$ cat upload.pdb   # PDB, N, CA and C atoms (P, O5', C5', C4', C3', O3' and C1' of nucleotides)
ATOM      1  N   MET A 106      76.588 111.336 109.294
ATOM      2  CA  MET A 106      77.730 112.269 109.263
ATOM      3  C   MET A 106      79.049 111.505 109.268
ATOM      4  N   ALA A 107      79.785 111.570 108.150
ATOM      5  CA  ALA A 107      81.089 110.935 107.968
ATOM      6  C   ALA A 107      81.215 109.590 108.701
ATOM      7  N   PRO A 108      80.313 108.635 108.433
ATOM      8  CA  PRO A 108      80.260 107.369 109.141
ATOM      9  C   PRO A 108      81.443 106.469 108.789
ATOM     10  N   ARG A 109      81.624 105.405 109.577
ATOM     11  CA  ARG A 109      82.664 104.410 109.349
ATOM     12  C   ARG A 109      82.172 102.997 109.677
ATOM     13  N   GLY A 110      80.977 102.874 110.268
ATOM     14  CA  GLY A 110      80.364 101.591 110.585
ATOM     15  C   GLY A 110      81.177 100.762 111.579
ATOM     16  N   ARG A 111      82.079 101.407 112.326
ATOM     17  CA  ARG A 111      82.988 100.753 113.263
ATOM     18  C   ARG A 111      83.255 101.658 114.462
ATOM     19  N   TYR A 112      83.890 101.107 115.501
ATOM     20  CA  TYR A 112      84.244 101.862 116.695
ATOM     21  C   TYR A 112      85.229 102.982 116.358
ATOM     22  N   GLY A 113      85.179 104.072 117.132
ATOM     23  CA  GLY A 113      86.080 105.204 116.977
ATOM     24  C   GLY A 113      85.405 106.493 117.442
ATOM     25  N   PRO A 114      86.148 107.607 117.467
ATOM     26  CA  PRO A 114      85.629 108.928 117.787
ATOM     27  C   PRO A 114      84.374 109.221 116.955
ATOM     28  N   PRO A 115      83.190 109.288 117.581
ATOM     29  CA  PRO A 115      81.914 109.330 116.885
ATOM     30  C   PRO A 115      81.787 110.358 115.761
ATOM     31  N   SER A 116      81.975 111.662 116.008
ATOM     32  CA  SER A 116      81.651 112.617 114.952
ATOM     33  C   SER A 116      82.165 114.046 115.119
ATOM     34  N   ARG A 117      82.303 114.537 116.354
ATOM     35  CA  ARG A 117      82.571 115.956 116.573
ATOM     36  C   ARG A 117      83.717 116.205 117.554
ATOM     37  N   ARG A 118      84.209 115.150 118.217
ATOM     38  CA  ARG A 118      85.337 115.204 119.150
ATOM     39  C   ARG A 118      85.142 116.250 120.247
ATOM     40  N   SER A 119      86.145 116.453 121.104
ATOM     41  CA  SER A 119      86.032 117.496 122.118
ATOM     42  C   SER A 119      87.346 117.924 122.754
ATOM     43  N   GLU A 120      87.204 118.887 123.671
ATOM     44  CA  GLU A 120      88.294 119.589 124.324
ATOM     45  C   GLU A 120      87.960 120.042 125.748
ATOM     46  N   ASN A 121      86.684 120.348 125.991
ATOM     47  CA  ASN A 121      86.156 120.916 127.213
ATOM     48  C   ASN A 121      84.816 120.239 127.490
ATOM     49  N   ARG A 122      84.892 119.022 128.026
ATOM     50  CA  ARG A 122      83.723 118.222 128.352
ATOM     51  C   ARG A 122      83.206 118.535 129.755
ATOM     52  N   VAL A 123      81.928 118.221 129.972
ATOM     53  CA  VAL A 123      81.173 118.329 131.222
ATOM     54  C   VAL A 123      80.166 117.184 131.244
ATOM     55  N   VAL A 124      79.932 116.586 132.416
ATOM     56  CA  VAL A 124      78.948 115.511 132.517
ATOM     57  C   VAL A 124      77.557 116.131 132.487
ATOM     58  N   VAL A 125      76.548 115.333 132.149
ATOM     59  CA  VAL A 125      75.155 115.736 132.253
ATOM     60  C   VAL A 125      74.409 114.599 132.931
ATOM     61  N   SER A 126      74.110 114.777 134.217
ATOM     62  CA  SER A 126      73.464 113.724 134.991
ATOM     63  C   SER A 126      72.093 114.146 135.505
ATOM     64  N   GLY A 127      71.199 113.169 135.669
ATOM     65  CA  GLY A 127      69.835 113.403 136.146
ATOM     66  C   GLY A 127      68.881 113.390 134.951
ATOM     67  N   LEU A 128      69.490 113.232 133.776
ATOM     68  CA  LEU A 128      68.890 113.160 132.462
ATOM     69  C   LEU A 128      67.801 112.084 132.437
ATOM     70  N   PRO A 129      66.712 112.278 131.685
ATOM     71  CA  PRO A 129      65.659 111.288 131.545
ATOM     72  C   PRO A 129      66.143 110.154 130.635
ATOM     73  N   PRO A 130      65.474 108.994 130.668
ATOM     74  CA  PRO A 130      65.820 107.858 129.828
ATOM     75  C   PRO A 130      65.523 108.160 128.360
ATOM     76  N   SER A 131      64.782 109.246 128.109
ATOM     77  CA  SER A 131      64.470 109.727 126.777
ATOM     78  C   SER A 131      65.684 110.363 126.107
ATOM     79  N   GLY A 132      66.649 110.821 126.910
ATOM     80  CA  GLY A 132      67.770 111.591 126.404
ATOM     81  C   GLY A 132      68.672 110.779 125.478
ATOM     82  N   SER A 133      69.429 111.500 124.647
ATOM     83  CA  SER A 133      70.367 110.933 123.690
ATOM     84  C   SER A 133      71.396 112.006 123.340
ATOM     85  N   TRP A 134      72.484 111.644 122.660
ATOM     86  CA  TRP A 134      73.504 112.627 122.325
ATOM     87  C   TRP A 134      72.943 113.689 121.369
ATOM     88  N   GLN A 135      71.968 113.320 120.522
ATOM     89  CA  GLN A 135      71.390 114.245 119.546
ATOM     90  C   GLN A 135      70.615 115.370 120.229
ATOM     91  N   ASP A 136      69.916 115.069 121.330
ATOM     92  CA  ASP A 136      69.092 116.070 121.993
ATOM     93  C   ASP A 136      69.912 116.916 122.958
ATOM     94  N   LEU A 137      71.100 116.445 123.351
ATOM     95  CA  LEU A 137      71.916 117.164 124.313
ATOM     96  C   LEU A 137      72.505 118.407 123.648
ATOM     97  N   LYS A 138      72.782 118.326 122.345
ATOM     98  CA  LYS A 138      73.341 119.454 121.618
ATOM     99  C   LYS A 138      72.235 120.459 121.318
ATOM    100  N   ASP A 139      71.052 119.938 120.989
ATOM    101  CA  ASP A 139      69.865 120.720 120.665
ATOM    102  C   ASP A 139      69.334 121.544 121.840
ATOM    103  N   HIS A 140      69.998 121.500 123.000
ATOM    104  CA  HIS A 140      69.504 122.196 124.175
ATOM    105  C   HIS A 140      70.626 122.917 124.912
ATOM    106  N   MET A 141      71.807 122.302 125.032
ATOM    107  CA  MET A 141      72.942 122.986 125.622
ATOM    108  C   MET A 141      73.413 124.109 124.699
ATOM    109  N   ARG A 142      72.919 124.149 123.451
ATOM    110  CA  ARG A 142      73.125 125.263 122.529
ATOM    111  C   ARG A 142      72.857 126.626 123.184
ATOM    112  N   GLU A 143      72.089 126.660 124.276
ATOM    113  CA  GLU A 143      71.842 127.882 125.029
ATOM    114  C   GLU A 143      73.121 128.390 125.688
ATOM    115  N   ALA A 144      73.891 127.468 126.262
ATOM    116  CA  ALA A 144      75.121 127.773 126.965
ATOM    117  C   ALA A 144      76.203 128.262 126.016
ATOM    118  N   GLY A 145      76.129 127.824 124.761
ATOM    119  CA  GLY A 145      77.140 128.125 123.779
ATOM    120  C   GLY A 145      77.029 127.173 122.605
ATOM    121  N   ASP A 146      78.048 127.171 121.754
ATOM    122  CA  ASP A 146      78.059 126.360 120.547
ATOM    123  C   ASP A 146      78.601 124.974 120.852
ATOM    124  N   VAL A 147      77.741 124.159 121.446
ATOM    125  CA  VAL A 147      78.025 122.755 121.679
ATOM    126  C   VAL A 147      78.189 122.101 120.314
ATOM    127  N   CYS A 148      79.136 121.174 120.218
ATOM    128  CA  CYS A 148      79.424 120.499 118.968
ATOM    129  C   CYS A 148      79.410 118.990 119.155
ATOM    130  N   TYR A 149      79.633 118.482 120.372
ATOM    131  CA  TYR A 149      79.617 117.039 120.582
ATOM    132  C   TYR A 149      78.926 116.705 121.885
ATOM    133  N   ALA A 150      78.411 115.484 121.949
ATOM    134  CA  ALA A 150      77.803 114.971 123.155
ATOM    135  C   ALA A 150      77.968 113.463 123.143
ATOM    136  N   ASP A 151      77.762 112.799 124.269
ATOM    137  CA  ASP A 151      77.680 111.353 124.257
ATOM    138  C   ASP A 151      76.706 110.962 125.354
ATOM    139  N   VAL A 152      76.065 109.810 125.205
ATOM    140  CA  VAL A 152      75.037 109.408 126.127
ATOM    141  C   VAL A 152      75.255 107.973 126.564
ATOM    142  N   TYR A 153      74.876 107.694 127.812
ATOM    143  CA  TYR A 153      75.070 106.372 128.396
ATOM    144  C   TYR A 153      73.759 105.651 128.684
ATOM    145  N   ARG A 154      72.639 106.183 128.180
ATOM    146  CA  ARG A 154      71.335 105.520 128.223
ATOM    147  C   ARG A 154      70.867 105.211 129.646
ATOM    148  N   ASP A 155      71.459 105.856 130.655
ATOM    149  CA  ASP A 155      71.213 105.484 132.046
ATOM    150  C   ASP A 155      70.997 106.691 132.965
ATOM    151  N   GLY A 156      70.745 107.876 132.396
ATOM    152  CA  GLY A 156      70.517 109.076 133.190
ATOM    153  C   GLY A 156      71.762 109.950 133.250
ATOM    154  N   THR A 157      72.793 109.589 132.482
ATOM    155  CA  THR A 157      74.058 110.305 132.453
ATOM    156  C   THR A 157      74.594 110.376 131.030
ATOM    157  N   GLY A 158      75.484 111.341 130.796
ATOM    158  CA  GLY A 158      76.120 111.539 129.503
ATOM    159  C   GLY A 158      77.158 112.654 129.593
ATOM    160  N   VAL A 159      77.679 113.082 128.443
ATOM    161  CA  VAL A 159      78.632 114.187 128.368
ATOM    162  C   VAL A 159      78.308 115.115 127.196
ATOM    163  N   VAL A 160      78.852 116.330 127.235
ATOM    164  CA  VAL A 160      78.671 117.327 126.184
ATOM    165  C   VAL A 160      79.862 118.285 126.165
ATOM    166  N   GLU A 161      80.115 118.933 125.021
ATOM    167  CA  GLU A 161      81.234 119.850 124.862
ATOM    168  C   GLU A 161      80.945 120.917 123.807
ATOM    169  N   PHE A 162      81.636 122.057 123.941
ATOM    170  CA  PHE A 162      81.457 123.238 123.116
ATOM    171  C   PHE A 162      82.761 123.669 122.460
ATOM    172  N   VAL A 163      82.618 124.513 121.441
ATOM    173  CA  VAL A 163      83.730 125.042 120.671
ATOM    174  C   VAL A 163      84.679 125.890 121.520
ATOM    175  N   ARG A 164      84.302 126.183 122.771
ATOM    176  CA  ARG A 164      85.108 126.996 123.670
ATOM    177  C   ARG A 164      84.894 126.521 125.099
ATOM    178  N   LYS A 165      85.986 126.356 125.851
ATOM    179  CA  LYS A 165      85.920 125.844 127.212
ATOM    180  C   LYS A 165      85.143 126.776 128.144
ATOM    181  N   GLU A 166      84.999 128.057 127.784
ATOM    182  CA  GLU A 166      84.300 129.009 128.637
ATOM    183  C   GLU A 166      82.788 128.801 128.554
ATOM    184  N   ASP A 167      82.301 128.318 127.408
ATOM    185  CA  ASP A 167      80.880 128.087 127.206
ATOM    186  C   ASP A 167      80.449 126.837 127.969
ATOM    187  N   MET A 168      81.428 126.001 128.316
ATOM    188  CA  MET A 168      81.227 124.768 129.039
ATOM    189  C   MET A 168      81.016 125.042 130.520
ATOM    190  N   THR A 169      81.932 125.786 131.141
ATOM    191  CA  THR A 169      81.746 126.157 132.534
ATOM    192  C   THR A 169      80.504 127.035 132.661
ATOM    193  N   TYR A 170      80.085 127.665 131.557
ATOM    194  CA  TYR A 170      78.858 128.452 131.549
ATOM    195  C   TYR A 170      77.648 127.517 131.547
ATOM    196  N   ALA A 171      77.794 126.347 130.926
ATOM    197  CA  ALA A 171      76.741 125.351 130.846
ATOM    198  C   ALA A 171      76.551 124.626 132.174
ATOM    199  N   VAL A 172      77.535 124.703 133.076
ATOM    200  CA  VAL A 172      77.380 124.140 134.416
ATOM    201  C   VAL A 172      77.361 125.232 135.490
ATOM    202  N   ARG A 173      76.789 126.393 135.141
ATOM    203  CA  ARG A 173      76.491 127.448 136.105
ATOM    204  C   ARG A 173      75.182 128.175 135.793
ATOM    205  N   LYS A 174      74.678 128.044 134.560
ATOM    206  CA  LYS A 174      73.375 128.571 134.165
ATOM    207  C   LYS A 174      72.453 127.495 133.602
ATOM    208  N   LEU A 175      73.022 126.421 133.049
ATOM    209  CA  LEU A 175      72.242 125.360 132.427
ATOM    210  C   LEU A 175      72.228 124.115 133.314
ATOM    211  N   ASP A 176      72.945 124.171 134.439
ATOM    212  CA  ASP A 176      72.848 123.199 135.514
ATOM    213  C   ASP A 176      71.619 123.522 136.369
ATOM    214  N   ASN A 177      70.958 122.488 136.903
ATOM    215  CA  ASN A 177      69.829 122.640 137.804
ATOM    216  C   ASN A 177      68.646 123.359 137.148
ATOM    217  N   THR A 178      68.511 123.202 135.828
ATOM    218  CA  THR A 178      67.408 123.782 135.068
ATOM    219  C   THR A 178      66.804 122.751 134.123
ATOM    220  N   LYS A 179      65.654 123.092 133.534
ATOM    221  CA  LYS A 179      64.904 122.220 132.642
ATOM    222  C   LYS A 179      65.742 121.775 131.443
ATOM    223  N   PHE A 180      65.430 120.570 130.966
ATOM    224  CA  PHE A 180      65.894 120.000 129.703
ATOM    225  C   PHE A 180      64.749 119.209 129.064
ATOM    226  N   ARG A 181      64.846 118.947 127.756
ATOM    227  CA  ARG A 181      63.761 118.394 126.950
ATOM    228  C   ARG A 181      64.305 117.352 125.978
ATOM    229  N   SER A 182      63.444 116.426 125.546
ATOM    230  CA  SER A 182      63.832 115.369 124.625
ATOM    231  C   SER A 182      62.722 115.079 123.612
ATOM    232  N   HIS A 183      63.092 114.406 122.520
ATOM    233  CA  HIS A 183      62.213 114.048 121.415
ATOM    234  C   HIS A 183      61.036 113.169 121.838
ATOM    235  N   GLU A 184      61.141 112.491 122.985
ATOM    236  CA  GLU A 184      60.100 111.572 123.439
ATOM    237  C   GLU A 184      58.855 112.323 123.911
ATOM    238  N   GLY A 185      58.960 113.641 124.107
ATOM    239  CA  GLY A 185      57.805 114.470 124.423
ATOM    240  C   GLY A 185      57.706 114.816 125.906
ATOM    241  N   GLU A 186      58.812 114.722 126.649
ATOM    242  CA  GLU A 186      58.812 115.011 128.076
ATOM    243  C   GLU A 186      60.075 115.766 128.481
ATOM    244  N   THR A 187      60.104 116.238 129.728
ATOM    245  CA  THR A 187      61.181 117.088 130.222
ATOM    246  C   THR A 187      61.578 116.703 131.642
ATOM    247  N   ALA A 188      62.774 117.134 132.054
ATOM    248  CA  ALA A 188      63.316 116.897 133.377
ATOM    249  C   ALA A 188      64.493 117.838 133.603
ATOM    250  N   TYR A 189      64.872 118.064 134.859
ATOM    251  CA  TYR A 189      66.062 118.846 135.176
ATOM    252  C   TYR A 189      67.319 118.058 134.838
ATOM    253  N   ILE A 190      68.416 118.784 134.629
ATOM    254  CA  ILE A 190      69.733 118.183 134.523
ATOM    255  C   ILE A 190      70.662 118.804 135.553
ATOM    256  N   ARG A 191      71.643 118.007 135.970
ATOM    257  CA  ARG A 191      72.664 118.375 136.929
ATOM    258  C   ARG A 191      74.004 118.276 136.214
ATOM    259  N   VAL A 192      74.331 119.289 135.406
ATOM    260  CA  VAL A 192      75.597 119.298 134.681
ATOM    261  C   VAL A 192      76.746 119.197 135.684
ATOM    262  N   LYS A 193      77.819 118.498 135.311
ATOM    263  CA  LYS A 193      79.046 118.471 136.102
ATOM    264  C   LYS A 193      80.235 118.852 135.236
ATOM    265  N   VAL A 194      81.379 119.093 135.867
ATOM    266  CA  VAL A 194      82.612 119.522 135.241
ATOM    267  C   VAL A 194      83.167 118.553 134.203
ATOM    268  N   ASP A 195      82.906 117.252 134.367
ATOM    269  CA  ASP A 195      83.434 116.127 133.592
ATOM    270  C   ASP A 195      83.664 114.940 134.527
ATOM    271  N   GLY A 196      83.822 113.753 133.946
ATOM    272  CA  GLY A 196      84.136 112.548 134.691
ATOM    273  C   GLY A 196      84.167 111.332 133.774
TER     274      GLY A 196
ATOM    275  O5'   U B   1      79.038  97.962 127.371
ATOM    276  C5'   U B   1      78.045  97.067 126.906
ATOM    277  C4'   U B   1      76.843  97.822 126.323
ATOM    278  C3'   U B   1      77.275  98.854 125.280
ATOM    279  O3'   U B   1      76.291  98.915 124.265
ATOM    280  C1'   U B   1      76.169  99.893 127.070
ATOM    281  P     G B   2      76.661  99.440 122.790
ATOM    282  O5'   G B   2      77.340  98.150 122.116
ATOM    283  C5'   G B   2      76.555  97.051 121.704
ATOM    284  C4'   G B   2      77.444  96.040 120.981
ATOM    285  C3'   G B   2      76.585  95.048 120.191
ATOM    286  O3'   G B   2      77.244  94.683 118.993
ATOM    287  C1'   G B   2      77.954  93.917 121.706
ATOM    288  P     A B   3      77.138  95.586 117.662
ATOM    289  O5'   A B   3      78.073  96.864 117.957
ATOM    290  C5'   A B   3      77.515  98.105 118.345
ATOM    291  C4'   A B   3      78.596  99.174 118.544
ATOM    292  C3'   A B   3      79.598  99.218 117.382
ATOM    293  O3'   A B   3      79.527 100.410 116.623
ATOM    294  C1'   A B   3      80.639  98.578 119.454
ATOM    295  P     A B   4      78.303 100.715 115.627
ATOM    296  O5'   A B   4      78.469 102.299 115.447
ATOM    297  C5'   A B   4      77.625 103.027 114.585
ATOM    298  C4'   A B   4      77.876 104.532 114.727
ATOM    299  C3'   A B   4      79.373 104.861 114.741
ATOM    300  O3'   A B   4      79.605 106.170 114.266
ATOM    301  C1'   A B   4      78.392 105.161 116.905
ATOM    302  P     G B   5      79.742 106.480 112.689
ATOM    303  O5'   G B   5      78.247 106.714 112.137
ATOM    304  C5'   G B   5      77.525 107.909 112.375
ATOM    305  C4'   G B   5      76.796 107.830 113.716
ATOM    306  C3'   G B   5      75.581 108.746 113.844
ATOM    307  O3'   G B   5      74.477 108.326 113.065
ATOM    308  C1'   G B   5      76.763 108.583 115.874
ATOM    309  P     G B   6      74.067 109.109 111.720
ATOM    310  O5'   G B   6      73.020 110.204 112.255
ATOM    311  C5'   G B   6      71.811 109.797 112.858
ATOM    312  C4'   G B   6      70.941 110.996 113.235
ATOM    313  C3'   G B   6      70.496 111.829 112.025
ATOM    314  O3'   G B   6      69.104 111.729 111.778
ATOM    315  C1'   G B   6      71.000 113.107 113.994
ATOM    316  P     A B   7      68.506 110.577 110.823
ATOM    317  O5'   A B   7      68.486 109.304 111.799
ATOM    318  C5'   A B   7      67.495 109.176 112.797
ATOM    319  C4'   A B   7      67.965 108.110 113.782
ATOM    320  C3'   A B   7      66.926 107.740 114.839
ATOM    321  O3'   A B   7      66.125 106.602 114.565
ATOM    322  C1'   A B   7      68.898 108.482 115.873
ATOM    323  P     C B   8      64.947 106.644 113.470
ATOM    324  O5'   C B   8      64.119 107.951 113.913
ATOM    325  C5'   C B   8      62.926 108.309 113.254
ATOM    326  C4'   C B   8      62.353 109.618 113.801
ATOM    327  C3'   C B   8      63.426 110.700 113.927
ATOM    328  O3'   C B   8      62.869 111.955 113.575
ATOM    329  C1'   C B   8      62.546 110.092 116.067
TER     330        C B   8
END
$ encode --input "upload.pdb" --output "structure tokens"
Amino acid sequence: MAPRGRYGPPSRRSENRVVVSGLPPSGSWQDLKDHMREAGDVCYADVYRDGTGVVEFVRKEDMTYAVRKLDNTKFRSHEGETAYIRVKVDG
RNA sequence: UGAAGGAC
């Protein structure tokens, strides 16, 4: 998606970010959108390969919704396993 | 996170 082969804003940018912690080592930015889609129209995510990452939606209200209904609930990844996530406000 | 995105 609109690559540049160099450092910079990855692909979808944001406005209303929230952390996603407790994530399995299987997680990635690609799978975070494929699941927070429940909370709303997530458009960007980022991952730190260490059990933490971030995600954002087209509307800031869908974000606080993702850390009140999609916090402390199941999440899934391409590796074939699942774990809870502890969404946070941002950091 | 050696530098970005659909990676599988």
$ resolve_selection --input "upload.pdb" --expression "the PyMOL selection byres ((chain B) within 5 of (chain A))" --output "MDAnalysis selection string"
chainID B and resid 3:6
$ atom_distance --input "upload.pdb" --atom1 "atom CA of residue A:174" --atom2 "atom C1' of residue B:1"
29.7 Å
$ select_by_dssp --input "upload.pdb" --residues "stretch 159-189 of chain A" --states "alpha helix (DSSP H)" --output "list in words"
residues 165, 166, 167, 168, 169, 170 and 171 of chain A
$ select_by_dssp --input "upload.pdb" --residues "chain A" --states "strand (DSSP E or B)" --output "PDB file with N, CA and C atoms, in the coordinates of the input"
ATOM      1  N   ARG A 122      84.892 119.022 128.026  1.00  0.00           N
ATOM      2  CA  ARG A 122      83.723 118.222 128.352  1.00  0.00           C
ATOM      3  C   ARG A 122      83.206 118.535 129.755  1.00  0.00           C
ATOM      4  N   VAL A 123      81.928 118.221 129.972  1.00  0.00           N
ATOM      5  CA  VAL A 123      81.173 118.329 131.222  1.00  0.00           C
ATOM      6  C   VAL A 123      80.166 117.184 131.244  1.00  0.00           C
ATOM      7  N   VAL A 124      79.932 116.586 132.416  1.00  0.00           N
ATOM      8  CA  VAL A 124      78.948 115.511 132.517  1.00  0.00           C
ATOM      9  C   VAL A 124      77.557 116.131 132.487  1.00  0.00           C
ATOM     10  N   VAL A 125      76.548 115.333 132.149  1.00  0.00           N
ATOM     11  CA  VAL A 125      75.155 115.736 132.253  1.00  0.00           C
ATOM     12  C   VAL A 125      74.409 114.599 132.931  1.00  0.00           C
ATOM     13  N   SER A 126      74.110 114.777 134.217  1.00  0.00           N
ATOM     14  CA  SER A 126      73.464 113.724 134.991  1.00  0.00           C
ATOM     15  C   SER A 126      72.093 114.146 135.505  1.00  0.00           C
ATOM     16  N   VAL A 147      77.741 124.159 121.446  1.00  0.00           N
ATOM     17  CA  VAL A 147      78.025 122.755 121.679  1.00  0.00           C
ATOM     18  C   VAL A 147      78.189 122.101 120.314  1.00  0.00           C
ATOM     19  N   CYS A 148      79.136 121.174 120.218  1.00  0.00           N
ATOM     20  CA  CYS A 148      79.424 120.499 118.968  1.00  0.00           C
ATOM     21  C   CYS A 148      79.410 118.990 119.155  1.00  0.00           C
ATOM     22  N   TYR A 149      79.633 118.482 120.372  1.00  0.00           N
ATOM     23  CA  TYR A 149      79.617 117.039 120.582  1.00  0.00           C
ATOM     24  C   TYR A 149      78.926 116.705 121.885  1.00  0.00           C
ATOM     25  N   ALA A 150      78.411 115.484 121.949  1.00  0.00           N
ATOM     26  CA  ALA A 150      77.803 114.971 123.155  1.00  0.00           C
ATOM     27  C   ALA A 150      77.968 113.463 123.143  1.00  0.00           C
ATOM     28  N   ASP A 151      77.762 112.799 124.269  1.00  0.00           N
ATOM     29  CA  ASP A 151      77.680 111.353 124.257  1.00  0.00           C
ATOM     30  C   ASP A 151      76.706 110.962 125.354  1.00  0.00           C
ATOM     31  N   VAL A 152      76.065 109.810 125.205  1.00  0.00           N
ATOM     32  CA  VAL A 152      75.037 109.408 126.127  1.00  0.00           C
ATOM     33  C   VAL A 152      75.255 107.973 126.564  1.00  0.00           C
ATOM     34  N   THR A 157      72.793 109.589 132.482  1.00  0.00           N
ATOM     35  CA  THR A 157      74.058 110.305 132.453  1.00  0.00           C
ATOM     36  C   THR A 157      74.594 110.376 131.030  1.00  0.00           C
ATOM     37  N   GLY A 158      75.484 111.341 130.796  1.00  0.00           N
ATOM     38  CA  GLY A 158      76.120 111.539 129.503  1.00  0.00           C
ATOM     39  C   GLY A 158      77.158 112.654 129.593  1.00  0.00           C
ATOM     40  N   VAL A 159      77.679 113.082 128.443  1.00  0.00           N
ATOM     41  CA  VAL A 159      78.632 114.187 128.368  1.00  0.00           C
ATOM     42  C   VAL A 159      78.308 115.115 127.196  1.00  0.00           C
ATOM     43  N   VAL A 160      78.852 116.330 127.235  1.00  0.00           N
ATOM     44  CA  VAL A 160      78.671 117.327 126.184  1.00  0.00           C
ATOM     45  C   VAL A 160      79.862 118.285 126.165  1.00  0.00           C
ATOM     46  N   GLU A 161      80.115 118.933 125.021  1.00  0.00           N
ATOM     47  CA  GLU A 161      81.234 119.850 124.862  1.00  0.00           C
ATOM     48  C   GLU A 161      80.945 120.917 123.807  1.00  0.00           C
ATOM     49  N   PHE A 162      81.636 122.057 123.941  1.00  0.00           N
ATOM     50  CA  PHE A 162      81.457 123.238 123.116  1.00  0.00           C
ATOM     51  C   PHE A 162      82.761 123.669 122.460  1.00  0.00           C
ATOM     52  N   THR A 178      68.511 123.202 135.828  1.00  0.00           N
ATOM     53  CA  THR A 178      67.408 123.782 135.068  1.00  0.00           C
ATOM     54  C   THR A 178      66.804 122.751 134.123  1.00  0.00           C
ATOM     55  N   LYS A 179      65.654 123.092 133.534  1.00  0.00           N
ATOM     56  CA  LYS A 179      64.904 122.220 132.642  1.00  0.00           C
ATOM     57  C   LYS A 179      65.742 121.775 131.443  1.00  0.00           C
ATOM     58  N   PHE A 180      65.430 120.570 130.966  1.00  0.00           N
ATOM     59  CA  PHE A 180      65.894 120.000 129.703  1.00  0.00           C
ATOM     60  C   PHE A 180      64.749 119.209 129.064  1.00  0.00           C
ATOM     61  N   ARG A 181      64.846 118.947 127.756  1.00  0.00           N
ATOM     62  CA  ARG A 181      63.761 118.394 126.950  1.00  0.00           C
ATOM     63  C   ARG A 181      64.305 117.352 125.978  1.00  0.00           C
ATOM     64  N   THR A 187      60.104 116.238 129.728  1.00  0.00           N
ATOM     65  CA  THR A 187      61.181 117.088 130.222  1.00  0.00           C
ATOM     66  C   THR A 187      61.578 116.703 131.642  1.00  0.00           C
ATOM     67  N   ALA A 188      62.774 117.134 132.054  1.00  0.00           N
ATOM     68  CA  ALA A 188      63.316 116.897 133.377  1.00  0.00           C
ATOM     69  C   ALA A 188      64.493 117.838 133.603  1.00  0.00           C
ATOM     70  N   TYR A 189      64.872 118.064 134.859  1.00  0.00           N
ATOM     71  CA  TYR A 189      66.062 118.846 135.176  1.00  0.00           C
ATOM     72  C   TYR A 189      67.319 118.058 134.838  1.00  0.00           C
ATOM     73  N   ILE A 190      68.416 118.784 134.629  1.00  0.00           N
ATOM     74  CA  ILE A 190      69.733 118.183 134.523  1.00  0.00           C
ATOM     75  C   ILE A 190      70.662 118.804 135.553  1.00  0.00           C
ATOM     76  N   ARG A 191      71.643 118.007 135.970  1.00  0.00           N
ATOM     77  CA  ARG A 191      72.664 118.375 136.929  1.00  0.00           C
ATOM     78  C   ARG A 191      74.004 118.276 136.214  1.00  0.00           C
ATOM     79  N   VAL A 192      74.331 119.289 135.406  1.00  0.00           N
ATOM     80  CA  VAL A 192      75.597 119.298 134.681  1.00  0.00           C
ATOM     81  C   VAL A 192      76.746 119.197 135.684  1.00  0.00           C
ATOM     82  N   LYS A 193      77.819 118.498 135.311  1.00  0.00           N
ATOM     83  CA  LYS A 193      79.046 118.471 136.102  1.00  0.00           C
ATOM     84  C   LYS A 193      80.235 118.852 135.236  1.00  0.00           C
TER      85      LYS A 193
END
$ atom_distance --input "upload.pdb" --atom1 "atom CA of residue A:164" --atom2 "atom CA of residue A:141"
13.0 Å
$ atom_distance --input "upload.pdb" --atom1 "atom CA of residue A:170" --atom2 "atom CA of residue A:147"
11.4 Å
$ resolve_selection --input "upload.pdb" --expression "the PyMOL selection byres ((chain A and resi 181) around 8)" --output "MDAnalysis selection string"
chainID A and resid 129 131:133 136:137 139:140 178:180 182:190
$ closest_residue --input "upload.pdb" --among "A:157, A:191, A:177, A:167" --to "residue A:130" --atoms "only C-alpha atoms"
A:157
$ resolve_selection --input "upload.pdb" --expression "the PyMOL selection byres ((chain A and resi 192-194) around 8)" --output "number ranges by chain"
A: 121-128, 168-169, 171-173, 175-178, 189-191, 195-196
$ residues_around --input "upload.pdb" --residues "residue A:149" --least-positions-apart "4" --cutoff "6.5 Å" --atoms "all atoms listed in the file" --output "ChimeraX atom specification"
/A:117-118,138,159-162
$ write_last_selection --input "upload.pdb" --atoms "N, CA and C atoms" --output "JSON list (two decimals), in the coordinates of the input"
[["chain", "number", "residue", "atom", "x", "y", "z"],
["A", 117, "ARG", "N", 82.30, 114.54, 116.35],
["A", 117, "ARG", "CA", 82.57, 115.96, 116.57],
["A", 117, "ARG", "C", 83.72, 116.20, 117.55],
["A", 118, "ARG", "N", 84.21, 115.15, 118.22],
["A", 118, "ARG", "CA", 85.34, 115.20, 119.15],
["A", 118, "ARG", "C", 85.14, 116.25, 120.25],
["A", 138, "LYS", "N", 72.78, 118.33, 122.34],
["A", 138, "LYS", "CA", 73.34, 119.45, 121.62],
["A", 138, "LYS", "C", 72.24, 120.46, 121.32],
["A", 159, "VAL", "N", 77.68, 113.08, 128.44],
["A", 159, "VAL", "CA", 78.63, 114.19, 128.37],
["A", 159, "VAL", "C", 78.31, 115.12, 127.20],
["A", 160, "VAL", "N", 78.85, 116.33, 127.24],
["A", 160, "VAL", "CA", 78.67, 117.33, 126.18],
["A", 160, "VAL", "C", 79.86, 118.28, 126.16],
["A", 161, "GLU", "N", 80.11, 118.93, 125.02],
["A", 161, "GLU", "CA", 81.23, 119.85, 124.86],
["A", 161, "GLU", "C", 80.94, 120.92, 123.81],
["A", 162, "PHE", "N", 81.64, 122.06, 123.94],
["A", 162, "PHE", "CA", 81.46, 123.24, 123.12],
["A", 162, "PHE", "C", 82.76, 123.67, 122.46]]
$ decode --input "upload.pdb" --residues "chain B" --atoms "C-alpha atoms (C1' of nucleotides)" --output "PDB file, in the first residue's frame"
ATOM      1  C1'   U B   1      12.580  -2.735  17.521  1.00  0.00           C
ATOM      2  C1'   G B   2      18.566  -1.376  12.045  1.00  0.00           C
ATOM      3  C1'   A B   3      14.090   1.696   9.918  1.00  0.00           C
ATOM      4  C1'   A B   4       7.296   0.011   7.492  1.00  0.00           C
ATOM      5  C1'   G B   5       3.734  -1.329   6.521  1.00  0.00           C
ATOM      6  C1'   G B   6      -1.276  -6.691   4.688  1.00  0.00           C
ATOM      7  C1'   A B   7       3.204  -9.176   6.447  1.00  0.00           C
ATOM      8  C1'   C B   8       1.094 -15.380   6.620  1.00  0.00           C
TER       9        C B   8
END
